[PDB]
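**Q** Sequences listed follow chains B and A, in order.
Read in order, the letters of the first sequence are residues 1 to 82, 82A to 82C, 83 to 100, 100A to 100L, 101 to 215 in the authors' numbering.
Read in order, the letters of the second sequence are residues 1 to 27, 27A, 28 to 94, 96 to 213 in the authors' numbering.
Note that beta-carbon positions come from the ideal geometry of N, C-alpha and C, so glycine has one too.
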Amino acid sequence: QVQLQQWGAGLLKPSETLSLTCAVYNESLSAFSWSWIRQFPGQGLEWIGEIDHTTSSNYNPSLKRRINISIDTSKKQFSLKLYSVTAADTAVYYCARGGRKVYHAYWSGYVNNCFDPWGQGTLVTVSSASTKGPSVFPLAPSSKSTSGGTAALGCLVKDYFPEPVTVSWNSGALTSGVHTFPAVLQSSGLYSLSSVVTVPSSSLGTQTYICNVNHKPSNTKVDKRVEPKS
Amino acid sequence: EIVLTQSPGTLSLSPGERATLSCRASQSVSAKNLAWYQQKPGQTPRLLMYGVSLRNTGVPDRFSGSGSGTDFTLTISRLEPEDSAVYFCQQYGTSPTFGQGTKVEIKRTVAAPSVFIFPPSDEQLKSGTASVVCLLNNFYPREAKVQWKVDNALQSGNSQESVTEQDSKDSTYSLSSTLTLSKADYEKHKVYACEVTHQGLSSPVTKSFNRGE
Ligand SMILES: *[C@@H]1O[C@H](CO)[C@@H](O)[C@H](O)[C@H]1NC(C)=O
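#1: The region 122-150 of chain B: which residues have C-beta closer than 9 Å to a C-beta of chain A, in chain order?
#2: Relative to the alpha-carbon of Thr74 (chain A), which residue among A:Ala34, A:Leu21, A:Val104, A:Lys103 has its alpha-carbon at the smallest distance?
#3: What's the gap between the Cα of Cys92 (chain B) and the Cα of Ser63 (chain A)?
#4: Output the distance between the C-alpha atoms of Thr180 (chain A) and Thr116 (chain B), rounded to the nearest integer angstrom.
#5: Of the residues A:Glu161, A:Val28, A:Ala184, A:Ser14, which one's Cα is nearest the Cα of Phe98 (chain A)?
#6: Exposed or buried, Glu213 (chain A), counting other C-beta atoms within 10 Å across all chains shown (16 or more means buried)?
#7: Does any heavy atom of ligand 1 sit closer than 8 Å to the C-beta of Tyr186 (chain A)?
#8: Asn58 (chain B) bridges to which residues according to DSSP?
#9: Hey, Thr178 (chain A) and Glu161 (chain A): beta-carbon distance below 9 Å or not?
#10: At a Cβ threshold of 9 Å, is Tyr49 (chain A) touching chain B?
#11: What residue range is occupied by the uninterrupted alpha helix (DSSP H) comprising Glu123 (chain A)?
#12: I need the straight-line Cα distance from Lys149 (chain A) to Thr21 (chain B), nearest angstrom please.
#13: Rounding to the nearest angstrom, what Cα-Cα distance links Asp72 (chain B) and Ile48 (chain B) in this structure?
#14: CB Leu201 (chain A) to CB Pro113 (chain A), shorter than 9 Å?
#15: In the region 125-184 of chain B, which residue ranges form an unbroken beta strand (DSSP E) of at least 3 residues, counting only runs that do not cross its ends?
#16: Use the C-beta contact count for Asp82 (chain A): other C-beta atoms within 10 angstroms, 16 or more gives buried, fewer gives exposed.
#17: Is the Cβ of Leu135 (chain A) closer than 9 Å to any Cβ of chain B?
#18: List the DSSP bridge partners of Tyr36 (chain A).
#19: Quick one: grab the DSSP three-state call for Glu187 (chain A).
#20: For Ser177 (chain B), count neighbouring Cβ atoms within 10 angstroms of its own Cβ and tell me buried if that reaches 16, exposed if not.
#21: When DSSP labels each residue in this structure, what does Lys214 (chain B) get in the three-state scheme?
#22: With ligand 1 as the reference, list in chain order each residue whose Cβ lies under 5 Å from any of its heavy atoms.
#23: Please confirm whether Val211 (chain B) and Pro123 (chain B) have their CB atoms less than 9 Å apart.
#24: Are the C-beta of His100A (chain B) and some C-beta of chain A separated by less than 9 Å?
#25: Can you check which of these residues, B:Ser173, B:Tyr194, B:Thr165, B:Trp7, is closest to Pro126 (chain B) by C-alpha distance?
#26: Identify which residue in A:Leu11, A:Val115, A:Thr197 has its Cα closest to the Cα of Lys103 (chain A).
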């Protein structure tokens, strides 16, 4: 059970420098090589570069001249820097465990350079737009409590930057029949998404439904009650 | 330097059928340094296969790796509704590179969407903008047509839509259309209809409401 935790800034202005750090928690740094991977919007994966416990690092040829990768073996962390950042560098950056140190017989090298486990990921957005907190509006259910079928209600998360925004219902008590749509970039430059959930119509008068909207960039947490309109 | 090309780009098959995925390399791939990944919706890529044929721990039998040198092959013997994801192949023989990815969806019986419509909240109206949301819940196939009418007038360029990824259980999709009007234009009209056309419906279905009703 190896754990990988990462952090960094997800919003940068152009021409700035991206900085991210990954943290290995349940394993030896020495045993494995550590690599950085990014995933473009609705695209494939690109390998950035790897590093050993020895200072030695290998980079992708395309990014060789804009990359720095280091390892702080005291903290068991390895970092990634990307200089002169651009919107083309906007992607989800992942930590990963690369090849295994094998001393036999003897390569003295890292062998299976494929990545498991992966990091959770850090969505870096390259824009000069400033961060905005979201507004949460109720998507009230029309349906009468006594219709006796299924009813749908939800929350509308409007006008925020940047991504992402996580939405839960009743702190996660309710996860069944919950649909959270991927956000859409409006013409205003602000993101917007809605989270809906289908529940029995006979519980619109007993059960209380609250959506939990979190936006980490703005440090915004909102709990919204969704109740049938009178 | 080695470019990996996967085919086909998209794969649509029913559960229980054999899914054959291909991966070709621009250069020869040394000594079985080829790996396969699986990326389910909203998740990170997880190692599915490595060493060409070696099956990662926790991975079912049904997945199989094949091929050598230039052409490689990933095979899913009996597809499941949870097998719907994007599959990447990767070579570690040289400096690592991935393929463009091949997406796989699971076919199922025609599911007609359940249409819900939501009026803009009162709290929002004080902002000066009215967002009307039409919901299409649980349908297949992915393809759907949504039209907005204000007062029997077709609306164009004032809506955006979001479609969820295919569900891992029932293999359905869900869509949401958001009509954006200013508070002024919203208060001027009365009828707001959401018309939906799908292959699972005999005739288009409309959900509508009257402003301030
Ligand atoms: C690694 O640490 C995790 C989290 O503490 C713990 O659950 C697990 O037992 C450890 N992995 C193993 C099996 O060594």
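**A** According to the structure shown:
#1: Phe122, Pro123, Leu124, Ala125, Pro126, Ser127, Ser128, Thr135, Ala136, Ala137, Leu138, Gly139, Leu141, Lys143, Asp144
#2: Stepping through the second sequence from its first residue, residue 74 (chain A) is reached at position 75. The residue with the shortest Cα to Cα distance from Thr74 (chain A) is A:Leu21.
#3: Translated into positions along the first sequence, residue 92 (chain B) becomes position 95. Translated into positions along the second sequence, residue 63 (chain A) becomes position 64. If you take the alpha carbons of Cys92 (chain B) and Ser63 (chain A), they lie about 27 Å apart.
#4: Your numbering for residue 180 (chain A) matches position 180 in the second sequence. Your numbering for residue 116 (chain B) matches position 131 in the first sequence. Looking at the two C-alpha atoms, the distance is approximately 22 Å.
#5: Here residue 98 (chain A) refers to the residue found at position 98 when the second sequence is read from its first residue. Ranking A:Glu161, A:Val28, A:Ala184, A:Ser14 by Cα distance to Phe98 (chain A) puts A:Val28 first.
#6: By one-based count along the second sequence, residue 213 (chain A) stands at place 213. It counts as exposed.
#7: In the second sequence, the residue the question calls residue 186 (chain A) occupies position 186. Not under cutoff, so the answer is no.
#8: For the purposes of this step, residue 58 (chain B) is taken as the residue at position 58 of the first sequence. The partner list for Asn58 (chain B) (beta bridge, DSSP) reads B:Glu50.
#9: For the purposes of this step, residue 178 (chain A) is taken as residue 178 along the second sequence, with counting starting at 1. For the purposes of this step, residue 161 (chain A) is taken as residue 161 along the second sequence, with counting starting at 1. Yes. Within cutoff.
#10: Here residue 49 (chain A) refers to the residue found at position 50 of the second sequence. So yes, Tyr49 (chain A) belongs to the interface.
#11: Sequence index remark: in the second sequence, residue 123 (chain A) carries index 123 (1-based). Element bounds for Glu123 (chain A): 122-125.
#12: Here the question's residue 149 (chain A) lines up with position 149 in the second sequence. Here the question's residue 21 (chain B) lines up with position 21 in the first sequence. Approximately 50 Å between the Cα atoms of the pair.
#13: Counted from its first residue, the first sequence places residue 72 (chain B) at position 72. Counted from its first residue, the first sequence places residue 48 (chain B) at position 48. Rounded to whole angstroms, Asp72 (chain B) to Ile48 (chain B) spans 18 Å at the Cα level.
#14: Walking along the second sequence from the start, residue 201 (chain A) turns up at place 201. Walking along the second sequence from the start, residue 113 (chain A) turns up at place 113. Taking 9 Å as the Cβ cut-off, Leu201 (chain A) and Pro113 (chain A) qualify as a contacting pair.
#15: 135-145, 151-154, 163-165
#16: The count along the second sequence starts at 1 and reaches residue 82 (chain A) at position 83. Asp82 (chain A) comes out buried.
#17: Reading the second sequence from its first residue, position 135 is the one you call residue 135 (chain A). Yes, contact with chain B.
#18: Your numbering for residue 36 (chain A) matches position 37 in the second sequence. Answer is A:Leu46, A:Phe87.
#19: Indexing the second sequence from 1 puts residue 187 (chain A) at position 187. Three-state DSSP puts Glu187 (chain A) in a helix.
#20: Translated into the one-based positions of the first sequence, residue 177 (chain B) becomes position 192. Buried, since its Cβ has 16 or more Cβ neighbours within 10 Å.
#21: Position 229 of the first sequence holds residue 214 (chain B). It is coil, neither helix nor strand.
#22: B:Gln1, B:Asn26
#23: To locate residue 211 (chain B), count along the first sequence from 1; it is residue 226. To locate residue 123 (chain B), count along the first sequence from 1; it is residue 138. Yes, the Cβ-Cβ distance between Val211 (chain B) and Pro123 (chain B) is below 9 Å.
#24: Here the question's residue 100A (chain B) lines up with position 104 in the first sequence. Cβ-Cβ to chain A under 9 Å: no for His100A (chain B).
#25: As a working note, residue 126 (chain B) is residue 141 in the first sequence. The option with the nearest alpha carbon to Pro126 (chain B) is B:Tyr194.
#26: Taking the second sequence and counting its residues from 1, one reaches residue 103 (chain A) at position 103. The residue with the shortest Cα to Cα distance from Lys103 (chain A) is A:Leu11.
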